[PDB]
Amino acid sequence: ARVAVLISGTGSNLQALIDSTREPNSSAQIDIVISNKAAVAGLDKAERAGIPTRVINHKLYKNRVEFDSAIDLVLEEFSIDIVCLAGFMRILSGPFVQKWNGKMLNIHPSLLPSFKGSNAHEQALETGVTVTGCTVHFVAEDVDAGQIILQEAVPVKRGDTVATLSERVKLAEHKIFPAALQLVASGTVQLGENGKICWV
């Protein structure tokens, strides 16, 4: 299966996916990395690994639909089967999501359905949980509401900050994102016709 990874920043999840998809038994290959932001570290990681990159400045299109259309054109250019959102911090439009339904994965740094949105760690700390974690899910139109593929729990330690908690949770993210991608790329897991997760 041919994979695009979309990023907005550092790209530690991208690197974990690069590492995993290069293992001999990987059912996935990463063929393109797309960023909505210029000059971010994730682009350096892609270039270092010999993977093509494209930057699509969302600040250059009239609306969300046109921006997503620009992404989709690149996806078609590289004959992509599966899209991974790996620190990609934009909401995707309905038609784009529907087109890629069952073929687009996202990593989110909480145990969904808790702490949806862009600041999950802040929320977890404010709420006072002692267990948080991360989630890989299929992307649906409603944000962070799509079908869950894998999750991993991570403890919150007394005195944690976004810095120390995000660091601990990223260790787990780097485990479950590669595992989830392999499950989908191998056809082991798919989005079921009834909308529910199907272990084939």
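In case it trips you up, residue 1 is the first one in the sequence shown, and so on. Only the largest set of C-alpha atoms that superpose within 1.5 Å between the two forms is called the rigid core.
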- Note on the structure: Per-stretch CA RMS vs shown form in 9 other deposited structures of this protein, rigid core as reference, larger of 133 to 141/53 to 61 is 53 to 61
- Return whichever of 78 to 86 or 110 to 118 has the larger RMS Cα deviation from the displayed form in 9 other deposited structures of this protein, where every structure is aligned on the rigid core. 110 to 118
- Higher-scoring stretch by recorded Cα B factor average, 16 to 24 or 174 to 182: 16 to 24
- Task: Pick between 149 to 157 and 42 to 50: the one whose mean CA B-factor in the entry is higher.
- Result: 42 to 50
- Pick out which of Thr135, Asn36, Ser166, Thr132 has the highest C-alpha B-factor in the PDB entry. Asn36
- Residue with maximal Cα B-factor (values as given in the PDB entry) among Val162, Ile32, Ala70, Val139: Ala70
- Task: Using the B-factors in the PDB entry, rank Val3's C-alpha atom against the chain and give the third, lowest, middle or highest.
- Result: lowest
- Query: What third of its chain's C-alpha B-factors does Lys116 belong to: lowest, middle or highest?
  - Reply: middle
- For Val74, return the chain-relative third of its C-alpha B-factor as stated in the PDB record: lowest, middle or highest. highest
- Query: In terms of the CA temperature factor given in the entry, to which third of its chain does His108 belong: lowest, middle or highest?
  - Reply: lowest
- Query: Against its chain's modelled residues, does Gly128's Cα B factor rank lowest, middle or highest third?
  - Reply: lowest
